[PDB]
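Notes for the one structure printed next.
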Amino acid sequence: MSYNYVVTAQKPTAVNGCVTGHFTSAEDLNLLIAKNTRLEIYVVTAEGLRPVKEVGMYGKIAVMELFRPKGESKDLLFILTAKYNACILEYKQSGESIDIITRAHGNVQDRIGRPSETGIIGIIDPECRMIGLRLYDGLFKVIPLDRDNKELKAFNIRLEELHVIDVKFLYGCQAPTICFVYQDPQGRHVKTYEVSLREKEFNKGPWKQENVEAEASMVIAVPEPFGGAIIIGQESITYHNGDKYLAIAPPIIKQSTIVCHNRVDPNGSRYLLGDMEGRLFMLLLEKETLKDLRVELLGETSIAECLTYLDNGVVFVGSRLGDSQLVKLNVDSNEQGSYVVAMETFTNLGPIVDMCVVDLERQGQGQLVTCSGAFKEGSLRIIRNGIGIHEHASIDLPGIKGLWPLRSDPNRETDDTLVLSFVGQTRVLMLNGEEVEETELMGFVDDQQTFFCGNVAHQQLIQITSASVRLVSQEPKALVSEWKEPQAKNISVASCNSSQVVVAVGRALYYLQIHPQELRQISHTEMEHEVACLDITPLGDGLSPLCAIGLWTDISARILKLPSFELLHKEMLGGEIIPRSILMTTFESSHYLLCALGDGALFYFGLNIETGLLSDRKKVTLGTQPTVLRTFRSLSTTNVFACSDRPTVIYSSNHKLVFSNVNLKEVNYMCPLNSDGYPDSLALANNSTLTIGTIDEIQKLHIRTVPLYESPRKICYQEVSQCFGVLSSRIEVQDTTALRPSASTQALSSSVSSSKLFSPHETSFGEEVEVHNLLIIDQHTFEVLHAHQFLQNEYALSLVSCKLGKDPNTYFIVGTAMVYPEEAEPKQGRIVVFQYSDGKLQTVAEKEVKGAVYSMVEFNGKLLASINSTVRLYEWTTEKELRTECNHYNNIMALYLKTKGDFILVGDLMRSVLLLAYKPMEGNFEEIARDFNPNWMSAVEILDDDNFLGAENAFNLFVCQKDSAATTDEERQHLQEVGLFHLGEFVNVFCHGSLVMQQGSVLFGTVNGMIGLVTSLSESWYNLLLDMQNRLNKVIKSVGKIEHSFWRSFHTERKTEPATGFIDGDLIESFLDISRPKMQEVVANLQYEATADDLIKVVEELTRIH
Amino acid sequence: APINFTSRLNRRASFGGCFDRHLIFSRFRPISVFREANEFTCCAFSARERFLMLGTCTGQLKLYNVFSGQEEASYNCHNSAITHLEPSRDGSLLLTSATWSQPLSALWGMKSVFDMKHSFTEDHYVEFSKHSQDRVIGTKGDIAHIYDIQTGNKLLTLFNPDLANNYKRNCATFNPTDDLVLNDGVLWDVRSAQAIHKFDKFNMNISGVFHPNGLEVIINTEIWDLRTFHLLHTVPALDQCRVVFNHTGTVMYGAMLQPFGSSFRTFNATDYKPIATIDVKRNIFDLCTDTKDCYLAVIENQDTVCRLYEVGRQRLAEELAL
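Same order as they appear, the protein sequences are chains A and B. Quick note on numbering: the first sequence equals residues 1 to 288, 296 to 548, 551 to 744, 749 to 772, 777 to 1015, 1025 to 1114, 1123 to 1140 in the deposited numbering. Quick note on numbering: the second sequence equals residues 1046 to 1060, 1068 to 1091, 1096 to 1314, 1329 to 1372, 1381 to 1400 in the deposited numbering.
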């Protein structure tokens, strides 16, 4: 009885692993980047990175290695996913066809055992003999790589050492030898083993095991001629090759831990090293052999998850905690001392820790403000969906039927005159600065409806009406030539170029050239049907040899050559509703053709200007009203504006057309405009008003970054003060001593807490301590207005903006906790009440509590907070203080709280969710129902009064339902889990709303930056889409040959069941991009009886809610 | 891996489980008490865990709703006092074992058709196979008996006096793979029906239990590797303890013997590290856990009663901060 729909709003941004190699061919260099479920393939060049192919898998990438086995034409890819699907991939490319082909695959999950908590480790030996996997504790899984192992059958080896830190295969050994770091109670150690495929066992390692640093974390295998192994710890770096030993402890390392490494030279001569706090290092192995270890600092980058040296001093910085970088390394230090300068920068929303939904620009349409980033990469991210315009002038002019800009002054380059066509007549307007006032003009008639006007060659103007074609002088402003149909018939369709003119009279087309004082009639034709639309836009410089036309009866787009009118290419179109707009433009040096229909449908083709060839027919839908297409240029780039009930801009991103929305109600006509009072603006008219304004950037999503330089935690919006409330945390070193100027130390007004409620803790100076702050930020400029610092060892955990009880004052409310490192669970807390006055920040009230306030929320004028294992309810006094009223005790740790009207949904640490109620008669709570399953909750939201949603650390989603019709009192309180679905992200926040203007809508943000949508469906829709989803998996072949059934199967360490209740929206929306006959293969006799067109009607309406 | 929960939790949203399990499984909260209508020996949860299954000193079997606390049924099973209970994960079968009234153990069809399926006359203790509950193992002194369920007939006996340790509390049991048996400290290849190894006897009265990873054997205080046979670890606190794991395989419950003492304790099954040592301050007779890690059932007397515990919650004394 639960029906839901899950779709991706923003694909994940964070980088999880990246490898470089010769994958597409042995000649060019590739860079591969592994985001959560997507891998991005690139070609490294001098200019930068050139993307070639971008593929989604049914699984998250856990291991990604490139290798060329013997006698193979180019490198092969190996991938293991989280659910233990292995695969080996090859790259085939014939022409424009790019497909990823799978050599071998298979699942290597063991039937019994618990996955290692340290994580999955994947390595390959140099010999290309086997693949080494650490999946479970105490075992070592091996996958032979002989060409006959086309199913990837594995075997295990008992590994007595249990807690393994890192493993590598060594170079230069007479038999495949490993080298790893394990942790005994007697500190941690390093040991070597050989591997035998015949005996399937281990044999003695080449040298004795040895002791290493107690915080040794990384193992690096040095290639020949050197050989041996480098082991990196938190204090020192060592070298290990049998007899040889070198060790250095440079003092620079002690500040921050080393995380990632990389080889520069294939000799192992030079290695890169990155640390937590952004620093970048260089490791050197001095020859004459393997003389020395020496370390030099190179600069500061983004917090590195992976580093890949590409070529010629260019390094890619894979970042999981902030924006990824492409970096150039220079040998001469810059002015300030560094060797590092940033080339480009790549957006990373992850990790999202909180977010809210605020209507900033257009009320009624949502935007997200997310708490993103990490320690030094902390930032606010403002996310808009679609393009808006910014008004500058509004005039009541109902009935406009056309718009044309016009520069009347032949000397100045700016437009100064706007021509408006009405029903059967025409008017003129000049633009003196911002005044818009009526104007007349010699040569132009005002009693006929205008089809076109504008500047033409030879310093002239042209007006094309229903009666004639009028050519006008520039400098004397007089009619110089006029054309009429020979029998004085009316003009039906018009189209004009800077030097060429083509009109239509019913079926007859006329071609005219514009010469000084002359309208030169060149040719003539009679067409098979009535004329509907025309376009002669020159795609080069401008004398177009081509004329595009669409007709009435035989509905069809035709290309004609000028002046021949000789047919070149005809494309039939279905239906009996005529086209009403056609256009030829140029997107990014590729020539396309656009043709809109009367129902709001749009066909678009490709165009060979030399031959007039239309290729790769495609079809989209834009609303319901007939579409009016027109060209405009912005930032020296050409784009197309589509006027309909869904106004849309058409542009090209990476040589594919993209359709971004326009955040308007409806646009009937449009023209560009550049005047001395309205620069680079646009002129827009609905059927009631005439507006002029400027346009945003041309992108589907615009993302504004606000660097805070410290870690944000929560956020909420106080409307009545035009502000944002942000909690943060920066790390200082105990002298407390900060590390770098961040937002909390650069506020306009700063403050500290003067509380004294907490009159035994020793700090080892140099240790790191978090310092928390309340940050308040402007809604428009986003500059830190005030930063309130909290006490020492006090963390800010919960934040609410609301008004309580009867006080019309609106407040900021914070819940904190006293966090001392040697304590296991905080015993002291605090709930503070603030108001942000006109400029200042006033402390109102406090309330001491014996625990951490992990969550709180406004509950019907009352404050509803959670302390460590208690759910409490406060009232707000007439004396402006807090008075507790209720409690709830049955839970381990109350971490997550949400409220409908008078219902309370509570998320616990290990028991999934509780449903509570408030009884006004007793002034207490009543536990209504619970879910018993041990789900490690991470987020929660209330969908409706009977369905509830949350996500746990098992990367999953589930929905619980209240069976209100209760046979018995026991069956009543079972929150029956009726939805189950494996997602693949770690959700940290749910909030209601949508990013689309004009049932249900829930947005969530994850660790990888992924933003998703969850909406509800009905029983008819569910049973249908579920049929498509099985039928698509019959057709869509997944990379790695992985079943979609297995991927989305709900999987925890305790349960593993198929998915029910949800539908994978990313899969349903891929139905549009698939080929045409495969659609007919999907729709084959599916009742629910609609086929192959009624579904395109559905999916396109589904792609519309995000 | 910080110590303080609040710091550790913040690292989860940004970027371990041992410190979390250490917190939860040192906290046990009694909530309800299960008495009998007319003033027990064994305890177990049903398959779907909605009822609690109790054995008495008169041979009876009681069934309580965990939600309400009332008796749903009552059955007579033996003429001796009940010693052990084990339902099938199918929810279709149950195993019983009494003290001295032959037949000592028996297999039962559950409530739908509730009836006696087969008899196990010679065997004190009984236990299902681990992976595929198609076979049943029983203990007669130092002798192991493997039986089929549908036929009820015997498949093979396992004994070798040259290798016996003669433990007091011997209980033969299958590995998670159903291809090994441990009796009296002796590994048996089920298929080949021969002996594999004979572990040295370091105790008087404990036989041993397998670890779910299929890699280890838990004799009283010695962890033996299942193929190397080397001594891998020594856990002192397990001395004389009957060891039960949770359903997920992360935690051990140990129960001090000499039928049991006043305290049980919980361990971290990965590294065998102690978590806590809970003292209920009463004599303990049996215990069992649900598969949901929600409830803990304990039998104990002041007149024997079964008190039910909730996991992860604190006792009032520690909650009052004295």
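We put the CB at the ideal spot given by N, CA and C, even for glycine.
Beta carbon proximity, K1362 of chain B to chain A, threshold 8 Å: Interface flag for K1362 of chain B against chain A is set, since a Cβ pair is found closer than 8 Å.
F1215 of chain B: contacting residues in chain A (beta-carbon distance under 8 Å): The premise fails here: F1215 of chain B is roughly 28 Å from chain A at the closest Cβ pair, so nothing lies under 8 Å.
Rounded Cβ spacing between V44 of chain A and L31 of chain A (contact assumed at less than 8 Å): Their Cβ separation, rounded to whole angstroms, is 5 Å, which keeps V44 of chain A and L31 of chain A in contact under 8 Å.
Within 8 Å, strictly: CB atoms of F771 of chain A and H789 of chain A: For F771 of chain A and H789 of chain A, no; Cβs fall outside 8 Å.
Cutoff 6 Å; reference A501 of chain A; Cβ partners in own chain excluding five residues on either side: Cβ contact annotation for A501 of chain A (same chain, cutoff 6 Å, sequence separation greater than five): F458, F459, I471, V510, in chain order.
Listed by chain order, chain A residues near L1357 of chain B by CB distance under 7 Å: Within 7 Å Cβ-Cβ: nothing; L1357 of chain B doesn't reach chain A, min ~19 Å.
Rounded separation between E210 of chain A and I237 of chain A - CA only: Near 14 Å, if we compare the C-alpha coordinates of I237 of chain A and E210 of chain A.
Boundaries of the beta strand (DSSP E) in which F353 of chain A is found, first to last residue: Counting along the chain, the beta strand (DSSP E) containing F353 of chain A begins and ends at 347 to 353.
Residues near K627 of chain A in its chain [Cβ-Cβ closer than 6 Å; skip 5 each side]: Apart from sequence neighbours up to five positions away, the residues of its chain that approach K627 of chain A with a beta-carbon distance below 6 Å are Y613, ordered along the chain.
Pair within 8 Å by beta-carbon distance, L555 of chain A and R567 of chain A: Going by C-beta atoms, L555 of chain A is not nearer than 8 Å to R567 of chain A.
Span of the beta strand (DSSP E), counted from its first residue to its last, around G409 of chain A: If you look at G409 of chain A, you'll find it in the beta strand (DSSP E) that goes 409 to 413.
Cβ pair count under 8 Å reaching 3, the region 124 to 134 of chain A against the region 67 to 84 of chain A: As far as the Cβ criterion goes, the region 124 to 134 of chain A touches the region 67 to 84 of chain A, which means the pair count is three or higher.
Terminal residues of the alpha helix (DSSP H) in which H1074 of chain B lies: Where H1074 of chain B is concerned, the enclosing alpha helix (DSSP H) stretches over 1069 to 1076.
C-beta contact flag for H905 of chain A and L1012 of chain A at 8 Å: No.
Burial state of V765 of chain A, where buried means 16 or more other Cβ atoms lie within 10 Å: Exposed.
Cβ pair count under 8 Å reaching 3, the region 109 to 119 of chain A against the region 152 to 167 of chain A: Judged by pairs of C-beta atoms under 8 Å, the region 109 to 119 of chain A touches the region 152 to 167 of chain A, as three or more such pairs exist.
CA nearest to the CA of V1006 of chain A, picked from A:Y239, A:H991, A:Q990, A:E969: Selected option, being the one with the closest Cα: A:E969.
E307 of chain A and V347 of chain A closer than 8 Å at C-beta: Cβ distance < 8 Å, so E307 of chain A and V347 of chain A count as in contact.
With 16 other Cβ atoms within 10 Å as the buried cut-off, status of residue 995 of chain B: Lying before the first or after the last residue shown, residue 995 of chain B is absent from chain B, which here runs from 1046 to 1400.
Beta-carbon proximity list for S1044 of chain A, same chain, < 7 Å, skipping 5 on both sides: Closer than 7 Å at Cβ, skipping near neighbours: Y3.
Simplified DSSP assignment, three categories, for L761 of chain A: When secondary structure is reduced to three states using DSSP, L761 of chain A falls in the coil class, being assigned neither helix nor strand.
N-terminal and C-terminal residue of the beta strand (DSSP E) that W1047 of chain A is part of: Per DSSP, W1047 of chain A belongs to no beta strand (DSSP E); it is in the alpha helix (DSSP H), 1045 to 1059.
Partner residues on chain A for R1391 of chain B, Cβ-Cβ distance less than 9 Å: Those are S886, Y906, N907, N908, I909, listed as they occur along chain A.
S1185 of chain B at chain A interface by Cβ criterion, 8 Å: False, the Cβ-Cβ gap to chain A never drops below 8 Å.
Residue closest to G59 of chain A, alpha-carbon to alpha-carbon, out of A:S1075, A:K723, A:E1095, A:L1129: Nearest of A:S1075, A:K723, A:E1095, A:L1129 to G59 of chain A, Cα basis: A:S1075.
CB of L29 of chain A within 8 Å of CB of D243 of chain A, strictly: Using a Cβ distance threshold of 8 Å, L29 of chain A and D243 of chain A do not count as a contacting pair.
Three-state class that DSSP yields for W1073 of chain A in the structure shown: Three-state DSSP puts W1073 of chain A in a helix.
Within 8 Å, strictly: CB atoms of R1385 of chain B and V1085 of chain B: The answer is yes: Cβ separation under 8 Å.
Delimiting residues of the beta strand (DSSP E) encompassing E1095 of chain A: Taken as a continuous stretch (DSSP letters only), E1095 of chain A belongs to no beta strand (DSSP E), being part of the alpha helix (DSSP H) at 1091 to 1095.
Spatially closest choice to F1088 of chain A from A:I359, A:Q1055, A:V1108, A:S599, by CA coordinates: Relative to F1088 of chain A, the option among A:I359, A:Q1055, A:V1108, A:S599 whose CA is nearest is A:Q1055.
Span of the beta strand (DSSP E) around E1134 of chain A: Segment 1130 to 1136 is the alpha helix (DSSP H) holding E1134 of chain A; no beta strand (DSSP E) there.
Close Cβ partners of residue 1376 of chain B (< 6 Å) along its chain, the five nearest in sequence each way excluded: There are no atomic positions for residue 1376 of chain B here, as chain B continues from 1372 directly to 1381.
Closer than 8 Å to chain A by CB, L1243 of chain B: No, its Cβ sits nowhere closer than 8 Å to a Cβ of chain A.
Partner residues on chain B for residue 550 of chain A, Cβ-Cβ distance less than 9 Å: No coordinates are present for residue 550 of chain A, because the numbering of chain A runs from 548 directly to 551.
For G822 of chain A: DSSP bridge partner residues: Answer by DSSP bridge pairing: none, since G822 of chain A is not bridged.
Spatially closest choice to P681 of chain A from A:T703, A:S697, A:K674, by CA coordinates: The closest CA to that of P681 of chain A, considering only A:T703, A:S697, A:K674, is found on A:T703.
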